[PDB]
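Each residue takes its place number in the sequence, starting with 1. One-based numbering, in listed order, for ligands and for the atoms of each. Excluded from the calculations below are hydrogen atoms, water molecules and symmetry mates; all remaining heavy atoms, backbone and side chain alike, are included.
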Amino acid sequence: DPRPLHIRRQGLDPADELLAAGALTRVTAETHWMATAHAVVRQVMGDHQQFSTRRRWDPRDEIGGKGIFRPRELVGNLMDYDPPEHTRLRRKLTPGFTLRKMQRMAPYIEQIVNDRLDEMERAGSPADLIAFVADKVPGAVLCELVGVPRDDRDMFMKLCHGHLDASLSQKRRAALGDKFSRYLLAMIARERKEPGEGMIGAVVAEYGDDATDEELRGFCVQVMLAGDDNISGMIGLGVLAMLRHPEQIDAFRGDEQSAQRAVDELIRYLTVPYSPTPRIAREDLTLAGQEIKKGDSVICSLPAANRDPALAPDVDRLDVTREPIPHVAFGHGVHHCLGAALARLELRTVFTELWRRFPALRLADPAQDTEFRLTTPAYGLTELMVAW
Ligand code: HEM
């Protein structure tokens, strides 16, 4: 198998050979170190003093390229920086993700979720949950967060992705980029004139001109690219995982805390991101017994780390009622997922509304093959036929 070891999955789990890899070992056509132990991953990611994030990195680089990011060194990209610089940028974008801001988004996320569910219900059982829900809700949620008018969301999605879609002609990508920046600049101007509750309005309300247009543009794109695939992947695999353990669906038929715990567990169990941004040792050091030399690259396997046998004797099982396990699916350290609360809220809303609307949800065909999404930076499904 030519595909990198950290990219291999078996069903909803990490490949056996990935799970069998040592805590920290070398892998290969550049070569890097690979961290699979929970403690090691936490050490590498939490110590920004010795492991800086590899500036200008693409979560794809393989067979595909169809619909993937294009950095070009984008200012305002939290990932391309480290403290104290990172701390400055982060603090600047934080106003849009406060928990109070997230609580207020709850009602809107529900509205969006129900609107997609309405379209699926109208199509009749059986239907593809991925086409109707998983692939639609994330982007709409992000548009709502950013402050994009409801009627411009479809257009905005096309312009955002399009101006970064390599598979497109240069004439097209450039036309889409022109319109994109133009639209973005006009949105930014309106937010500075009269700040709204959106991400941009929150930032400009707090820091005014200190937040330049370039920064805001950078923030928007970065956020648009960071919160889509991860979520669509979680919705699809998440529903599949729950349908395979139907008794655990009761965690979504009760209080909020119970739904929250289920979501956290699903996020740990499925760990859609294969790995975070590569970490580069800023000096020579000895980790997990290995001799790391300045300039060495370290790839962290979040899925393997979240299956570390040290975490629990049944860490390999899905158990929404288990004693919560501090997973690393959102990362660890100063770069910890800025949209983690939103992701948890969004995913809790989807699952709760889903099973409330379709109590008898099930796979259209018990023996149907699973259509895994293998061409994206995050694991997921391309299709999932369900009946109710
Ligand atoms: C279940 C879904 C999600 C997962 C599993 C996830 C996971 C991650 C991981 C592992 C990192 C850290 C990367 C690193 O340290 O190199 C990260 C960073 C980040 N995520 Fe997410 N993410 C999710 C959803 C979202 C959403 C919905 C948004 C946006 C609303 C988002 C915004 C970000 C941003 C901006 C960062 C960078 C923070 C920084 O560098 O300081 N993510 N995410």
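At a heavy-atom distance under 4.0 Å, no atom of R344 approaches ligand 1. With a heavy-atom cut-off of 4.0 Å, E346 does not touch ligand 1 at all. With a 4.0 Å heavy-atom cut-off, ligand 1 is reached by the backbone of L78 and by its side chain too.
Annotation for ligand 1: atoms under 4.0 Å from non-hydrogen atoms of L142 are 30 (C). For ligand 1, the atoms lying closer than 4.0 Å to a non-hydrogen atom of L302 are 10 (C). Near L342, meaning under 4.0 Å from one of its heavy atoms, ligand 1 places the atoms 30 (C). Every atom of ligand 1 with a heavy atom of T277 under 4.0 Å away is listed here by number and element: 14 (C), 16 (O). Under a 4.0 Å criterion applied to the non-hydrogen atoms of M45, ligand 1 contributes the atoms 14 (C), 15 (O).
One side chain, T271 or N306, offers a donor N or O that lies under 3.5 Å from an acceptor on the other.
Judged by the shortest distance from any of its heavy atoms, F97 lies inside the 4.0 Å radius around the atoms of ligand 1. Heavy-atom distances between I231 and ligand 1 reach below 4.0 Å in at least one pair. Residue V334 places a heavy atom less than 4.0 Å from ligand 1. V328 does not count as a contact of ligand 1, since none of its heavy atoms falls under 4.0 Å from the ligand. Distances shorter than 4.0 angstrom do not occur between any heavy atom of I267 and any atom of ligand 1. In this structure, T271 falls outside the shell of residues with a heavy atom less than 4.0 angstrom from ligand 1.
Using a distance-only test at 3.5 Å, with no hydrogens or angles considered, a donor-acceptor pair links the side chain of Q248 to the main chain of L318. Looking at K92, its side chain does come within 3.5 Å of a backbone N or O of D210 through a donor-acceptor pair. Under the 3.5 Å distance criterion, the side-chain polar atoms of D314 are left unmatched by any main-chain donor or acceptor of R317. The backbone N or O of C160 lies less than 3.5 Å from a partner atom in the side chain of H163, making a donor-acceptor pair. Remark: side-chain polar atoms of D61 are not paired, donor with acceptor, to backbone N or O of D58 under 3.5 angstrom. No donor-acceptor distance shorter than 3.5 angstrom exists from the side chain of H332 to the backbone of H327, with no hydrogens or angles considered. Between the side chain of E119 and the backbone N or O of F132 there is no donor-acceptor pair closer than 3.5 Å.
Polar contact check, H86 against ligand 1: a nitrogen or oxygen pair lies under 3.5 Å apart. Between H335 and ligand 1, a contact under 3.5 Å exists for at least one N or O pair. Some N or O of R90 is nearer than 3.5 Å to an N or O of ligand 1, by distance alone.
Between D165 and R173 there is no salt bridge, since no side-chain N of the basic residue sits under 4.0 Å from a carboxylate O of the acidic one. The pair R42-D308 does not meet the salt-bridge criterion, since no charged nitrogen lies less than 4.0 angstrom from a carboxylate oxygen. A salt bridge links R192 to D213: at least one charged side-chain nitrogen sits closer than 4.0 Å to a carboxylate oxygen. We find that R3 and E62 are not joined by a salt bridge, their nearest charged nitrogen and carboxylate oxygen being 4.0 Å or further apart. Looking at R261 and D264, no side-chain N of the basic residue comes within less than 4.0 Å of a carboxylate O on the acidic one, giving no salt bridge.
Ranked by closest heavy atom to atom 14 (C) of ligand 1, the top entry among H336, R279, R54, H332 is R279.
Shown are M199, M155, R153; of these, the side-chain contact (heavy atoms from CB on, under 4.5 Å) with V148 is made only by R153.
Given atom 5 (C) of ligand 1, the protein heavy atom at minimum distance is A329 O, 3.5 Å. Protein heavy atom at the shortest distance from atom 29 (C) of ligand 1 is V223 CG1, 3.9 Å.
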Test log, rule side chain to side chain contact (heavy atoms under 4.5 Å, CB included), inputs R90 and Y81 = CA-CA 10 Å; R90 178 119 174 168; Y81 301 80; over 6 Å; no
Show every donor-acceptor pair shorter than 3.5 Å between a side-chain atom in residues 95-105 and any protein atom, with sequence neighbours excluded, or say none if there are none.
residue : atom : partner : partner atom : Å
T98     : OG1  : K101    : N            : 3.2
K101    : NZ   : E197    : O            : 2.9

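Legend: protein N/O/S atoms lying under 2.8 Å from atom 21 (Fe) of ligand 1, waters omitted, number 1.
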